[PDB]
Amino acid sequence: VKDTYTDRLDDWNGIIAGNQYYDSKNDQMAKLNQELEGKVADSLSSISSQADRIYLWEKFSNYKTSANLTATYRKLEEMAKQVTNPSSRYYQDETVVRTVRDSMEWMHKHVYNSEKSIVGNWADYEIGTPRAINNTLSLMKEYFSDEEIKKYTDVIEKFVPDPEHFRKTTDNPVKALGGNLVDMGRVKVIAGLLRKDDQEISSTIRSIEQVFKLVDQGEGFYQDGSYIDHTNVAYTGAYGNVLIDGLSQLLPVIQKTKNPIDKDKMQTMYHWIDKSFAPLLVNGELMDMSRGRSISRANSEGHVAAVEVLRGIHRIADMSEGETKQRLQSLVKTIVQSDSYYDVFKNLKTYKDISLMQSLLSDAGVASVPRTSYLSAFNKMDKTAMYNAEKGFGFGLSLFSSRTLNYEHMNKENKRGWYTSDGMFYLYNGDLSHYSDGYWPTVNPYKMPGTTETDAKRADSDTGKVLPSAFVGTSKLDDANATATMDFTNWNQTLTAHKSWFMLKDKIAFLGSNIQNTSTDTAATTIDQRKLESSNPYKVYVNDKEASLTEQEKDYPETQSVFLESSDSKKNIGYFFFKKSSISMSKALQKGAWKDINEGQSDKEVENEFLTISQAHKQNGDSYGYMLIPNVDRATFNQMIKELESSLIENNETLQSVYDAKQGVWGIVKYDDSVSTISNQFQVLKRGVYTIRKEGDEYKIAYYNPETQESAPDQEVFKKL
């Protein structure tokens, strides 16, 4: 016989593989089956035979490399999936059953057991390998005895005895939080089910419930939608993913144990979806500024990573009811249907996930309406996300401060992310492929768009830093208008700039002042570095006259505008310089390999064409100022820039401000507490960041002091004249 522990493991099997839902007449499901057939075939044809060898697989044979342990066990999990799939050529196959049984024994005696110590990466010993061991035994529980299942999980209890801590067998344990604490549940709740151990189950679930608390310091989800991991890194889009993806798998199982989670406690998940995740999803892409070092992974470009989030959301929708279920279904549906570039099924890796998505997309009762405009100021992780639904573009602003690390270079990944938070911007337009198809290994990492830098050489071996200043932040007025600033100093304290951004509904102004350089390296701001499509070329205009770009840099003194014209208006990009400026532009093929930025990736050469625009800063006290205007045609851009001719109010070392006369909206950044008079209409009085609207005789005010992370009473900061 068997019991309620195995009943839970049946449910787990339906979630992690879903063989009960397989239908050979289902096109998408058959594609995933064929992928698994191929992987099992490959593994079977290379596992080693005769004379108790030095290695199960030759390619994962160095057991001092910890990644080789979990790649090995993951190969056994793939076998367990197919051996229990009635439609697989390996269903109930004698050789496969014995291979998994005997392979677990071989690794157990020579490689991974209680008598061992972590060699290499702890995450493989405590997460990657134990998850793969657990799922294998769960799927194939009808081919193992309880005593063998105990025996092969004993090593999990040696490396991971305590559901509140990772690295327990090291000298320096760590408190389990965030994505890693959900992985604690996928390790210890499943091992606890296999081992029939009620204390492990309950103690692990109790530890997991810490995940539902919003924090105001340290790692976790914040009220304002920010997510921090690795002490002080913006991380919604990699560790946050793992959290929602893993939790949404576990919850249907946890909720049928003897220790279910209170529904009250779980309500915070809906806050994560609406406040943290949704704003970072644009046309099916998860914004790279939230993904940390995972940008350097070829198999995890932004549309692919997005599906980790979407599949989690859809599982949460499925365990919800009524209006909560309906609205989450609609959110997934509209995001997926907006993505003309990536096929969501390419990252749905179980049959239940495929089945859910198919029924969602074909259910006429689930509304799918284009997402409306929004603007999220994630001040607790120094990021801002903006989306305009009318014109159809998104914008991401990637900053850091005294409170956050600029970039994560860890585990030999993201070696050239140096400037990815130095006031870097992202534009999400009709080219859904822009940050994909090898953007990251081919972009020139010295000229990240928006950033002001010197041309000094940088070392791959460097790691991230916090910013000296806390004067970094965004004041949001409404869903369309916000202002941000960053009191910028570069990595070696040779360059400063007061960089500010004025998000004004359908355009963004970029102002920089107080640009100073104490090195002998040259300084410049990259206005853009845009990855091109050979199928959809741009016609380039400078001051409304066609220009011919080349690989070699061409200088354009006295530039008032640049316009990049596509056949598709939703890919158009214009740049309006408030004061005539001296810029340089080039169009060049850039080559590189993923291995250049991540040691674990392929050395295969990749290439893309980029259009680079920059502005040199040869003197102390230099400045820049321009308006980015996307998604309009050439005639409309030319009309808009005439309307904006007097939009620059000030751009100096203490005051930066831009005015949108059409909307009646001002953005203002003050670096001191002087009285600043604006448009002979009003005064602003305090250092900080402002977005202000005039409606009749009335003014709507949004003020933020980024240093104290507080607003202030209207009369302290604003006076109508």
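A residue's number is simply how far along the shown sequence it sits, counting from 1.
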| item | value |
| --- | --- |
| Comparing 620 to 628 with 518 to 526, the one whose average Cα B-factor in the PDB entry is higher | 518 to 526 |
| Of 192 to 200 and 85 to 93, the stretch whose C-alpha atoms average the higher B-factor in the entry | 192 to 200 |
| C-alpha B-factor winner, where the candidates are 548, 411, 601, 406 | 548 |
| Candidate residues 440, 112, 272, 502, the one whose C-alpha B factor the record puts highest | 112 |
| Chain-relative CA temperature factor third for residue 50 | highest |
| Third assignment of residue 506 from its chain's C-alpha B-factors | lowest |
| Position of residue 317 among the chain's modelled residues by C-alpha B-factor, lowest, middle or highest third | middle |
| Residue 671 - Cα temperature factor, lowest/middle/highest third of chain | middle |
| Ranked against its chain, the third holding the CA B-factor of residue 138 | middle |
